[PDB]
Protein chains: 6
Amino acid sequence: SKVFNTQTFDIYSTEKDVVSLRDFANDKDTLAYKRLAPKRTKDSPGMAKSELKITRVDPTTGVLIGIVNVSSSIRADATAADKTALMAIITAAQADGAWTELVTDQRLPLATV
Amino acid sequence: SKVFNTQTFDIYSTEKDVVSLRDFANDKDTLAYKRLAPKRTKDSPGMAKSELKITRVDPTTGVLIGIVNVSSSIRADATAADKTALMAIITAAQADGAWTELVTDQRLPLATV
Amino acid sequence: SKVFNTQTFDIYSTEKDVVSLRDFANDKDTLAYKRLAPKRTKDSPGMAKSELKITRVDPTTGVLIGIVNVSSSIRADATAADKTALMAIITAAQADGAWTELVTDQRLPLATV
Amino acid sequence: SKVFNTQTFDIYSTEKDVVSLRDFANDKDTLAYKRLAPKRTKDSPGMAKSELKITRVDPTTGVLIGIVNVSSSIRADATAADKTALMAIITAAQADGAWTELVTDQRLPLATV
Amino acid sequence: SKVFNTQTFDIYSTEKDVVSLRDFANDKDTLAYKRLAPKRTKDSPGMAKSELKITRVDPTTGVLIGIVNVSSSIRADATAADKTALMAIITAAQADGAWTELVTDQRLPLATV
Amino acid sequence: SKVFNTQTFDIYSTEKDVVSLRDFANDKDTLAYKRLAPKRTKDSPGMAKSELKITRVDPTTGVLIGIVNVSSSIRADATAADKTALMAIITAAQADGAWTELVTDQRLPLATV
């Protein structure tokens with residue numbers, strides 16, 4: 001939406017189901033919010049997809065440095081408590097240092113230290 | 001690794017590249033740490049993949065309630081500054097209310113309030 | 001044979017190698033003892049098979065709730081020492097909490113606690 | 001898991017769904033815990049398979065003396081009371097001498113004594 | 001298992017018959033424990049293979065600096081006295097200076113000094 | 001070179017790139033020092049192979065009891081610091097108890113104790 005990690009993200013593009021934001025300062029980060037509503041294709045009401053990804057591309061040759069994507073896929077009938085729990089758990093795990101080592105090290109949380 | 005959102009996640013399974021944890025209390029939440037090291041298929045050193053996923057299924061009828069997935073695809077040579085900035089932005093974005101509303105509402109960050 | 005887990009099991013049917021008992025009180029539990037004598041198909045004296053299974057079905061709609069089966073396959077020549085050791089080990093393992101969690105949790109004995 | 005029938009069983013192998021332990025003292029007993037999660041193939045949520053087997057193989061020629069296996073197959077939706085009743089009934093039947101005769105004797109519980 | 005040569009080795013990956021440890025500090029040293037059970041392909045009980053190897057790969061371009069591997073091939077029936085003697089002789093020879101010359105100099109124990 | 005594990009090893013045969021020592025007392029243990037120079041088959045200066053193996057053969061019928069072999073494959077250009085580190089890590093790992101379990105038990109460093 002707005003300033004994250006001391007970088008200001010302004011809207012660059014808006015689609016029916018995608019909003020894209022760029023820094024416009026370092027011209028290397030794009031933040032995308034993506035939306036797929038659930039489709040009642042059976043007795044199930046479908047799963048509501050979301051996607052929040054940050055892409056970093058160096059602005060000299062256009063090489064993709066890296067992508068971090070947060071994707072959610074939750075039942076349309078699912079409760080807010082179910083949806084609150086899923087984000088609370090994944091947020092606590094991200095704050096944990098195991099995830100910080102899973103990224104940057106390819107290290108699983110099974111070390112005996 | 002351990003207690004997230006006040007729930008204790010004890011190890012459920014271990015693979016070559018996946019470590020799965022279960023609450024075993026509510027018997028419904030599984031946290032997986034997935035690893036995919038870069039492959040030097042060309043002059044590029046490859047992309048180091050990681051995946052941090054939380055799954056909730058109700059353990060009586062076994063219908064998937066929801067999945068929230070955190071995936072990373074970062075160049076093997078990418079500097080930790082690029083790597084840390086990628087984590088800093090996405091965690092800042094997640095803590096922001098736009099991500100909270102993208103889930104639970106399928107609301108894109110374009111509302112005029 | 002007779003009262004197990006405070007439930008009285010009266011004989012329900014008899015076969016050449018199977019004896020089946022029923023509670024007849026909750027009309028839902030059936031205990032089967034199955035026999036399979038070793039056959040000397042080669043220089044081996046064969047394997048003596050036994051089976052002790054408990055079956056629960058709800059006696060209104062007849063859906064199987066669950067089965068627990070205790071099967072044995074012991075050489076006909078095997079000494080009573082090996083047979084007693086096998087029973088002692090398996091009963092000790094069942095009395096241990098690891099079996100109690102493997103059932104009702106699908107939890108393998110690998111948690112670090 | 002640990003000492004059973006005065007024998008220390010230590011981890012020898014860990015799979016996705018099997019844990020194998022050996023005595024490492026008499027080098028003849030292997031205890032395996034095995035896990036199959038229920039699969040929702042229909043309106044039924046599936047059956048959760050457990051297996052607890054003790055195999056004895058004498059370590060001079062490696063011939064299988066005997067196997068005692070405890071297998072459970074319980075509905076995913078089944079109540080914890082159902083599983084408790086199943087385990088209690090099967091353990092009480094195992095503690096009875098009828099099972100101790102069925103094993104080692106191929107004797108059905110129908111004698112008049 | 002743990003700190004060797006003042007460097008900390010944490011478990012990098014766990015396999016059925018392989019356990020691998022990575023320094024994760026210098027990101028160039030990998031210690032692997034490999035297992036291979038003896039096979040009774042004949043009257044003989046087979047040879048029990050073990051492997052303990054350290055591999056150094058330069059972590060900027062990926063050039064293998066060196067490998068020191070310790071492999072064992074011991075009869076499945078061999079006594080613990082043989083197994084202790086084999087490990088004792090080879091460990092003493094490694095502590096001898098002739099090994100430190102065979103490595104780093106390719107000097108055989110035949111020079112007259 | 002000389003007395004290892006309180007056994008006297010005297011030179012049995014001398015080759016161009018192999019030196020072999022025999023106990024000559026138990027007439028069952030042979031220690032071999034094998035050499036192999038690096039080959040500059042390309043731009044790379046090649047890999048310098050070393051080998052230190054102890055072989056036990058039963059000296060009445062000639063049945064191989066076991067072999068423990070230490071082999072090195074180090075870049076011809078590798079620094080002495082790399083070569084010292086490689087020998088230091090592997091020697092420390094052998095002195096660790098995990099090796100003494102991998103040999104004589106085929107126990108991997110993954111048991112939870």
# chains A, B, ... in the order shown; residues from 1 in each chain; ligands from 1
$ closest_atom_pairs --of "chain E" --to "chain A" --cutoff "7 Å" --atoms "only C-alpha atoms" --output "CSV"
residue,atom,partner,partner_atom,distance
E:10,CA,A:111,CA,5.1
E:11,CA,A:111,CA,5.0
E:12,CA,A:107,CA,6.4
$ select_by_dssp --residues "chain A" --states "strand (DSSP E)" --output "PyMOL selection string"
chain A and resi 10-14+18-22+29-36+47-57+64-75
$ select_by_dssp --residues "chain E" --states "alpha helix (DSSP H)" --output "PyMOL selection string"
chain E and resi 80-95+97-105
$ residues_around --residues "stretch 62-68 of chain D" --least-positions-apart "6" --cutoff "8 Å" --atoms "only C-alpha atoms" --output "ChimeraX atom specification"
/C:70-75,78,82-83,86-87,90 /D:53-56
$ write_last_selection --atoms "C-alpha atoms" --output "tab-separated table (two decimals), in the first residue's frame"
chain	number	residue	atom	x	y	z
C	70	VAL	CA	-3.39	-58.45	16.29
C	71	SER	CA	-1.84	-60.88	13.81
C	72	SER	CA	0.95	-63.38	14.40
C	73	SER	CA	3.05	-65.28	11.87
C	74	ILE	CA	5.47	-67.54	13.76
C	75	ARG	CA	7.45	-70.50	12.45
C	78	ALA	CA	9.99	-71.59	16.62
C	82	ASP	CA	10.87	-66.60	20.70
C	83	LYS	CA	7.07	-66.71	20.88
C	86	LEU	CA	7.48	-61.63	20.66
C	87	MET	CA	4.32	-61.35	22.75
C	90	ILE	CA	4.49	-56.31	21.39
D	53	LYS	CA	5.02	-54.75	14.18
D	54	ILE	CA	7.77	-56.70	15.93
D	55	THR	CA	9.89	-58.95	13.72
D	56	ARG	CA	12.40	-61.46	15.07
$ residues_around --residues "residue F:2" --least-positions-apart "6" --cutoff "9 Å" --atoms "only C-alpha atoms" --output "number ranges by chain"
E: 93, 96; F: 8-11, 21
$ residues_around --residues "residue D:6" --least-positions-apart "4" --cutoff "12 Å" --atoms "only C-alpha atoms" --output "ChimeraX atom specification"
/C:85,88-89,92-93 /D:2,23,25-26
$ atom_distance --atom1 "atom CA of residue F:36" --atom2 "atom CA of residue E:104"
12.0 Å
